[PDB]
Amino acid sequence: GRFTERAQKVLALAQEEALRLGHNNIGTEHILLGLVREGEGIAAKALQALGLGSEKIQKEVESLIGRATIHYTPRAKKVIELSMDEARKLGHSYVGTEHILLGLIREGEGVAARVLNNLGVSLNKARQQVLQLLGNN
């Protein structure tokens, strides 16, 4: 798995968020926070276009999980694996931010999904918004 610079920032931000919230396991919801906080990537732009924001996602994650060496949850590992499939299908050899978000949507379950459901975002609509940005001139 090769990652873009922005995707690497996402993974760092995800770990930072897990630690800040007192978790040794980096879950799908921490990936979600890393995606929105990274800011400049297509994932962050799609999340913002959907009416989500970093602070809003942060508040919801804290509401569902609360506070509590470091590892990815099994589901987060699966999301990162799926991100490579998503990149390949979109004609990319590197996983970028959009591919991690699409991987998250594809998994479709887990804490990030519960967060998105509570924030009122359809997974299908999230995918469409990502693809619209990628398709745009």
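In case it trips you up, residue 1 is the first one in the sequence shown, and so on.
According to the entry, the deposited sequence has 4 to 9 residues without coordinates between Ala68 and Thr69. Here 29-37 and 70-78 are compared by their mean Cα B-factor, and 70-78 comes out higher. If you average the C-alpha B-factors over 13-21 and over 117-125, the higher value belongs to 117-125. Take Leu64, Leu90, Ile42, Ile100 and read off each C-alpha B-factor from the entry; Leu64 has the highest. Placement of the Cα temperature factor of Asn136 within the chain: highest third of the modelled residues, per the deposited record. When the modelled residues of the chain are ordered by C-alpha B-factor, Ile57 sits in the highest third.
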